[PDB]
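The block underneath contains the structure these notes are about, expressed in structure tokens.
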Amino acid sequence: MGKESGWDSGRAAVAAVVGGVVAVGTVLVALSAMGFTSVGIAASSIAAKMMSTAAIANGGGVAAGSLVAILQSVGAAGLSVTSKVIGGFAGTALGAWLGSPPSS
Numbered sequence: 006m007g008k009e010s011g012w013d014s015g016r017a018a019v020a021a022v023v024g025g026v027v028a029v030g031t032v033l034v035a036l037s038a039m040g041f042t043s044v045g046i047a048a049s050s051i052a053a054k055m056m057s058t059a060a061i062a063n064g065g066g067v068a069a070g071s072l073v074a075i076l077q078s079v080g081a082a083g084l085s086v087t088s089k090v091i092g093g094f095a096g097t098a099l100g101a102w103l104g105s106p107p108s109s
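Numbering-wise, our numbering comes out as the position in the sequence shown, counting from 1, plus 5.
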């Protein structure tokens with residue numbers, strides 16, 4: 006299945022997804038709570054329970070909502086600024102900060 010897609014992994018994957026739980030929190034609260042509205046609102050949707058949560062475009066579940074656009078952007082962009090801050094391009098990564106120092 007597939008041919009080495011960004012580190013071939015199945016279960017462990019989740020693990021790799023864990024690394025940075027906090028980051029996942031801020032990212033979430035960030036997306037979800039894109040503003041000062043989420044509490045009461047969340048209480049509303051919750052109170053509703055089973056309403057539709059469907060969009061006339063994809064169908065339902067697995068990507069559903071404008072957030073999608075954010076997924077594509079934040080996806081590439083994010084991963085970008087990410088790895089970027091990490092290494093640069095398949096090489097030199099993971100370390101006590103090691104961007105591009107004055108080396109010769």
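For every residue, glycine included, the Cβ atom is placed at its ideal position computed from N, Cα and C.
For this session: Output the distance between the C-alpha atoms of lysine 54 and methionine 39, rounded to the nearest integer angstrom.
Result: Taking the sequence shown and counting its residues from 1, the one referred to as residue 54 is at position 49. Taking the sequence shown and counting its residues from 1, the one referred to as residue 39 is at position 34. Rounded to the nearest angstrom, the two C-alpha atoms are 22 angstroms apart.
For this session: Go ahead and pull the three-state DSSP assignment for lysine 54.
Result: Here the question's residue 54 lines up with position 49 in the sequence shown. Residue state, collapsed to three classes: coil.
Exercise. Taking the continuous alpha helix (DSSP H) assigned at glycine 30, which residues delimit it?
Worked result: Here residue 30 refers to the residue found at position 25 when the sequence shown is read from its first residue. Unbroken alpha helix (DSSP H) run through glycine 30: 26-37.
For this session: Compare the Cα-Cα distances from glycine 100 to each of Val90, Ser108, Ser109 and report the closest residue.
Result: Along the sequence shown, read from residue 1 onward, the residue named residue 100 stands at position 95. Nearest option by C-alpha distance: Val90.
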